[PDB]
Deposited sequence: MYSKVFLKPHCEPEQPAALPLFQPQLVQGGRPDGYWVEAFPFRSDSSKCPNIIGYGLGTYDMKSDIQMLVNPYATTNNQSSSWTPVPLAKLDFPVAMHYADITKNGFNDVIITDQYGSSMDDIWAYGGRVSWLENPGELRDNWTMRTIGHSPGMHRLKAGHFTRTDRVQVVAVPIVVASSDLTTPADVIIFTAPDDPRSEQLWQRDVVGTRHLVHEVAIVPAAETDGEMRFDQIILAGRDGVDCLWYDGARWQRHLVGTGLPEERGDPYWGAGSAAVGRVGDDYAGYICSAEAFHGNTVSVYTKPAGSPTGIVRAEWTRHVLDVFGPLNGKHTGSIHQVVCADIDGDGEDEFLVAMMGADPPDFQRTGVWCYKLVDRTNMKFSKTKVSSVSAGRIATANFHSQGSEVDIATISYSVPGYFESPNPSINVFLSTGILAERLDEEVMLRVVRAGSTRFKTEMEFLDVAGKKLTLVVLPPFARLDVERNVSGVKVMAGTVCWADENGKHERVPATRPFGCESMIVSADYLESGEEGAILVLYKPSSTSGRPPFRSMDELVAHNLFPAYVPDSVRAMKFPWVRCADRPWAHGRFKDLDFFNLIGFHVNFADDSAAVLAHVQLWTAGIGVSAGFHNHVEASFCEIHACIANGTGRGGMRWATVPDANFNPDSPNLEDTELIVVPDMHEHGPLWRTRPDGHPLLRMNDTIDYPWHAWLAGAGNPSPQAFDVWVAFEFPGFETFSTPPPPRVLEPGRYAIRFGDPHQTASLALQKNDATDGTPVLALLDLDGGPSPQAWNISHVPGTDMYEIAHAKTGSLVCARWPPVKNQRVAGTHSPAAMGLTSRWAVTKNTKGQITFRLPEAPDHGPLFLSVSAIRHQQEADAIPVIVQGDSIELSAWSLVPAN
C-alpha cells in the first residue's frame, strides 16, 4: 500500500491581523516537542510596531476543554524578520532568538539595524520577556540556532539578504554567533563570519543527530542568488558543497538562483532529495536528485536540478508567489513530502495561494505528484504535532500580508490538524468521515460518547498497528478490517461479524491488540467513571455525555445525545406506548475519500425488564445488522428469531415456542441473523432488502422491581458476504505457493499469461519443463469474516477470477476489478486424501458447483467446471 495523505481539520488560530509574515512552532520546553505553542507576527510598518505573539496551545494541557489559542505578547519590536529558538540558559525552557530593526523593505534598510537578540523564557506564561542583544548586521534576514562548531553553547547562524538600501549585488556575511558561558550577563556574543553570499533568502539546518553518524555538527543549507549550498564544520575547518545553482540569471531581473530549499528524508537517507523554490519570491519549484547508489547525506553526492512546476510569470517587479519550502513526513510513511508556501497573486489565482503538498511517488525515477492542502495565503509554514503525542504532522500557516506592498485579505494564522477522522453535524446525528485503514500510516482515536460506564471511541488503525488496552476491561467491536490479540488459548480475531447465530465477547483479555494487513476501524469501549455503573435502574442513571475533543467543530461539541422513549420518536407511528424502550442517535461512519461510501450507522437502545423491542424484519431499509450488548439487565436479555416461515409467525402476538434465543451477555456481540446462502452471500428480497426472519431484542422476563435496563449498540452495515453454512474444515494455511496440476510424472502450473497485470489477462496452466521457466508464485489469503479464499498473483496482485457469467467452461482471467462481494474471485477450499486442494466458486442457487480447473489432460486454458473432480485437484507447493 502506498500511503495516503491524512485528512486535515482546519482551525483559525488568530484572525483579523493587520499583517503577517512569520509563523513558528514553538515548544515551551526543550525536553518536549509535542503540542508546542505558535509564535506569529508580521513585518510591522513605520506606523505600528509588530507584536511578537506567542499563542498558547490549548491542547497542550491534557484534559483540555478549550479550542481558544491565548495570545501572549513577548515583545513589541521595530521591523522584525526571522526567528528561531534554543535553550540559551540551559534551564529546560526554550528561549526566542529574533532579528529586528530590518527597515521597511529592501529599498529601506536600516544602516544601524539588522539586530539579533534573544528573549529569555521565564519558565511561566508572562508577557514581555527580558531581551538582550546578540549582535548586528544591516539587512539581517534569516537565522537558525544549532550546534555548528561546538556542542556546549547555543550557536546561531544569521544572514542578511542585502547590506544596504537597494543594493542587490553586494554579498552579505554569513555569521555565526556563539553564546557566552553566562548569557545573562556579558552582552554581545562571540562572532565569526564563515562566508559571503548573495541574496540569501532561506537558512535550513540538518541536525547532526539526523545523519546517523555522518556528521558531528549541524549542516547549514543556504538558498540564495548563488543557488543551493551546504556549509559545515567538521572539527577542523569549514567546508562548502554546492548542491546546484538554481534559476539561471535573466536580463533585467536581479533575482536568480533559489528563494528557499529544504532537505527531504527518503527511508534510511536523511537527504534522499533536496527541494527548492526559485528564485527570490519566485514561481518555480525544482528538486535536486542524486544517482542510484549514491552515499547517504548531502556532501558526498553529486546533485542535479529538475524543474517540476512553474506557477506563472513574474510581475513588473520580477516577483511571484512562492515564499518557502519545508520537508516533513506528512503521511507517516518514512519519506518526507514537501510543502510549498504560496502567498497569493494579483490578479488573484487559487493555484498560487495556500499550500501544495508534493509527494515522491516513484523512488526510481524521482517523480512527484502534488495535492492542494490549503487555499488561503501562506507566507510561512510551521510543522509539528499541535494536537496529540503521536507522530502525526500538523501544518500551521500565516498569511503573507505586508501593508502598502502585497496584502492578503483577512490576514490570519491557521492550523490544519492531521487526522484519520473528521466529525461533522448532520442534524441530530454526527457524520464521522474516516480514511481507508489500508493506506493510512497513523493511529487515530476520537472519543465520542460517554454512556453506560464506557467511553465509546472511534479508532482507525493502520496495517499491523498496535493498540494498548486495559486487559480484561477494554472492549472492541470491529467495523472494517481485522484485529487480534493473543492469550494463553492462542490468537483471537475480531471482524465486522462473527459466525451466523454466534456470540463472542468484546473484552480484550491481553494488554494490547494489533490490526491485520488491511488495518482496522473499530469502536473501542474504554472504561469510564463518569457515565454510571450497572445495574442501570433508570434512564436517569444512563444520561450520556458528548466526549468529542476540543479540536472538532463547535457545532459538534455543542450537541447533546438524549435517550428518547421509542414511543416518542417520529418513526413510532403510535407504537411502543408505555414501554420502557429507549433510543439514542447517532453516528454515521463513512469513508472520507471520493467514494464517500457508508461503513456503518451506529445507534443505541435500552429495554427494561420484561420489555420486547418488537419483532421486525427490515423490509423497510436494507442493511446487515450486528448488536453489541453493553449491559445485560437480568443476564437473560438477548435476540430471538423465528424458526418458522414468515407467514407462520405473528409479530404482534408472538409465539415464543417458534423462536430460538441467543442471550447476549454484558460486553458481547452476536453474529448475523439474516438469511444467507451456503457460502455466506445474503439472501435478498424483491425490493433489494437483506432478508431476515422475524427477530427482536427481548429483555429477560419478569417484573421490573427492581428495574435493570439492557443497553445495546446497533451496527448497521451495508451488505457483505459472511461465514459459510455449515462451517467447512480448515485445510489450507494462507501463504505463497506454486499451484500445480498433474502427476509427479508431468505437471502444469497455474500462470498469469506473460505475467500481464492488465484486467482480463488469461489464466493458464503452463507445462513445467526441464528447459525450465519455473512456476509462477500465488498469494493465497483467507478473506476475513468468511470461509473463502482469494488467489492473487504474487508479482502483479491480479486476482484469479472467472469471467462473467460463472457457468460451466467459463474462462478464468486476472483482474483488479472483482465483482462485488468477490462473487467470481472467492473460493471455498477442500482437501482430498492425496492432500490436493479444490477451489470452488460461491454456488448460484441455480447451478451446480464450479471448480477452478484445467481444460485438458505449451499452455492449457484454465476454466471453471464442476462435471469432473479430476480436472480440479491442485498441489500447493510453498514458494
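Undergrad: Would you flag the ranges of the deposited sequence that the structure leaves without C-alpha positions?
TA: Model skips 1 to 14, 872 to 877, 900 of the deposited chain.
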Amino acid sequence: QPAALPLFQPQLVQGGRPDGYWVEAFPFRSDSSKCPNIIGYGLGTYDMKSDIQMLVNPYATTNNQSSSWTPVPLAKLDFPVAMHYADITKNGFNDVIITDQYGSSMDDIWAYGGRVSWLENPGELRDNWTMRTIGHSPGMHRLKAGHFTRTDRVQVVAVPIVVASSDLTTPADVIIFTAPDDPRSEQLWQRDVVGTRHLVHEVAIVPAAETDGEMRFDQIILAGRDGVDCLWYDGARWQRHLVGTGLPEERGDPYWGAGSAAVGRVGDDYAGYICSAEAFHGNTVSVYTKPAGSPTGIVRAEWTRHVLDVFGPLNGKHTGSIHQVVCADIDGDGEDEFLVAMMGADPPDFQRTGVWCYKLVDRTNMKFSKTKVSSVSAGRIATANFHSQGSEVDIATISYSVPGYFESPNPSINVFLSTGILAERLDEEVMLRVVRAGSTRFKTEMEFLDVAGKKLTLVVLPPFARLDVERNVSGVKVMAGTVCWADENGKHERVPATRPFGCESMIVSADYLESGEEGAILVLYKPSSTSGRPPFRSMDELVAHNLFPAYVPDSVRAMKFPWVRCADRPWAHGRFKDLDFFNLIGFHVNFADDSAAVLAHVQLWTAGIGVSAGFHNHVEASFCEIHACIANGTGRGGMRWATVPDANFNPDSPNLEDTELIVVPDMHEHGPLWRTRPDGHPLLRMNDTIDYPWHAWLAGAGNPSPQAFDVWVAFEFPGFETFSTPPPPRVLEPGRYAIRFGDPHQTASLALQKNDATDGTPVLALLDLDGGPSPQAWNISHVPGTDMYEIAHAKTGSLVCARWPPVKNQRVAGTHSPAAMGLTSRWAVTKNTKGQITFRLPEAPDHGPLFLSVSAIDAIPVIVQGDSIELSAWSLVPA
From here on, numbers count along this sequence of modelled residues.
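Undergrad: Averaging CA B factors per stretch from the PDB record, which one is higher: 636 to 644 or 587 to 595?
TA: It is 636 to 644.
Undergrad: For the higher mean C-alpha B factor in the entry, choose 767 to 775 or 390 to 398.
TA: Going by the record's values, the stretch with the higher mean is 767 to 775.
Undergrad: Please pick out which of 579, 621, 799, 431 has the largest Cα B-factor as recorded in the entry.
TA: So the option with the highest C-alpha B-factor is 579.
Undergrad: Report the option among 784, 312, 80, 272 whose CA atom has the maximum B-factor in the deposited record.
TA: The C-alpha B-factor peaks, among 784, 312, 80, 272, at 312.
Undergrad: Where does the C-alpha B-factor of residue 19 rank in its chain, lowest, middle or highest third?
TA: For residue 19, whose C-alpha B-factor we compare with every modelled residue in the chain, the answer is the middle third.
Undergrad: If you rank every modelled residue in this chain by C-alpha B factor, which third holds residue 46: lowest, middle or highest?
TA: Highest third of the chain for residue 46's C-alpha B-factor.
Undergrad: Using only modelled residues of the chain, where does the Cα B factor of residue 822 rank: lowest third, middle third or highest third?
TA: According to the entry, residue 822 has a C-alpha B-factor in the chain's lowest third.
Undergrad: Please place residue 58 in the lowest, middle or highest third of its chain by C-alpha B factor as given in the entry.
TA: Middle third - that is where residue 58 ends up once the chain's C-alpha B-factors are sorted.
Undergrad: Just say lowest, middle or highest third for the CA B-factor of residue 262 relative to the other modelled residues in its chain.
TA: Residue 262: CA B-factor falls in the lowest third of its chain.
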